[PDB]
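So that you can map any letter, position 73 of the sequence shown is 73 in the numbering used here, and since no number is skipped, the others follow by simple counting. Yeah, the Cβ is synthetic: ideal placement off N, Cα and C, and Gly gets one too.
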Amino acid sequence: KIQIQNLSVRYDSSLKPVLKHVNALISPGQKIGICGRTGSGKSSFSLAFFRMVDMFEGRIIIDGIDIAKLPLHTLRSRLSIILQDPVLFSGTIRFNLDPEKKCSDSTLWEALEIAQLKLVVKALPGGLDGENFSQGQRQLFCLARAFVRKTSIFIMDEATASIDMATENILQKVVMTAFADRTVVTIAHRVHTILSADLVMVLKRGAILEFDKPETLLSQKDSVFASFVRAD
């Protein structure tokens, strides 16, 4: 569960604030994209809440807890993420698959067969024992490992930017049967999967343009996401 109060993002990191005065209630069972001129919209959400960068004003809260006393090791860990180039150690498959204590065959062939990587179970013998072909099977195993977090809140931002096109044919397909039934914010500059997302965001002026359904947005005579639809 998520409750965010009046968030205004100002960064001690580099010059000047970015996001300004964002307040809303958001729970699981949703999808959230990020559009705009300068990208990485969801990178502000990840960086703030998972504590990468820092903001100044406002808070993005989980349950009744706010950013203040939230457990640090919990906040930057219990979450999930997907990035463009997050390849991991190629030494051992079941051990990389076991960054934490244990999954073993259960989540191994369970999420592996769930990720289409079960043929990697057919080619390479049983893991803990890497062959790289493009990023397709590579980053497929990657974002598959990420999505294997399996907890309530999953986050991905522009994971399909470098992941090329027809991969989503399976890959977005994989998310189609996955990204549902939990807390998700999913952003792509192709934006194609943001259709059924209950919330959308595009960056103009100082902060996000607006937040609503895609069909409610395209429903008005004039709306942002429509205006960013043609030129893409």
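Unbroken beta strand (DSSP E) run spanning residue i, endpoints
i	result
residue 62	57-62
residue 4	2-8
residue 108	Residue 108 -> not in any beta strand (DSSP E); alpha helix (DSSP H) instead, spanning 104-114.
residue 186	183-187
Supposed close pair residue i, residue j - CB separation, criterion 8 Å
i	j	result
residue 202	residue 42	No, residue 202 and residue 42 are not in contact; Cβ-Cβ is about 12 Å, not under 8 Å.
residue 225	residue 217	5 Å
residue 152	residue 183	5 Å
residue 33	residue 187	4 Å
residue 3	residue 67	Not confirmed; about 11 Å, so no contact.
residue 45	residue 75	13 Å between Cβ atoms; not a contact.
residue 195	residue 212	About 13 Å separates the two Cβ atoms, so there is no contact after all.
residue 167	residue 136	5 Å
residue 118	residue 124	The pair is not a contact, with the Cβ atoms about 11 Å apart (cut-off 8 Å).
Nearest residue (CA-CA) to residue i, options the options
i	options	result
residue 97	231, 145, 12 and 154	145
residue 81	182, 230, 157 and 227	157
residue 109	100, 122 and 99	122
residue 129	91, 101 and 74	91
residue 31	221, 178, 222 and 219	178
residue 165	192, 180, 154 and 125	192
residue 181	147, 8 and 210	147
residue 173	198, 140 and 101	140
residue 23	112, 7, 163 and 69	7
residue 210	20, 133 and 14	20
residue 103	88, 150 and 77	150
residue 176	25, 27 and 114	114
residue 100	87, 78 and 38	78
residue 197	132, 72 and 29	29
residue 86	69, 220, 70 and 138	138
residue 206	38, 70 and 71	38
Under the three-state DSSP convention, the category residue i falls into
i	result
residue 202	strand
residue 135	coil
residue 237	An answer regarding residue 237 cannot be provided, because it is not within the stretch 1 to 232 covered by the chain.
residue 193	helix
residue 91	coil
residue 36	strand
residue 47	helix
residue 24	strand
residue 180	coil
residue 68	coil
residue 161	coil
Span of the alpha helix (DSSP H), counted from its first residue to its last, around residue i
i	result
residue 153	Counting along the chain, residue 153 falls outside any alpha helix (DSSP H), though it belongs to the beta strand (DSSP E) covering 153-157.
residue 170	167-176
residue 74	72-75
residue 121	118-123
residue 226	224-230
Neighbourhood of residue i by C-beta distance below 7 Å, restricted to the same chain and skipping five residues each side
i	result
residue 190	160
residue 36	202, 203 and 204
residue 94	108, 127 and 128
residue 170	116
residue 63	1
Same chain, Cβ closer than 6 Å to residue i, five either side skipped, listed in chain order
i	result
residue 208	201
residue 47	53
residue 162	84
residue 232	none
residue 40	none
Same chain, Cβ closer than 8 Å to residue i, five either side skipped, listed in chain order
i	result
residue 10	16, 17, 18, 55, 56 and 57
residue 13	53 and 54
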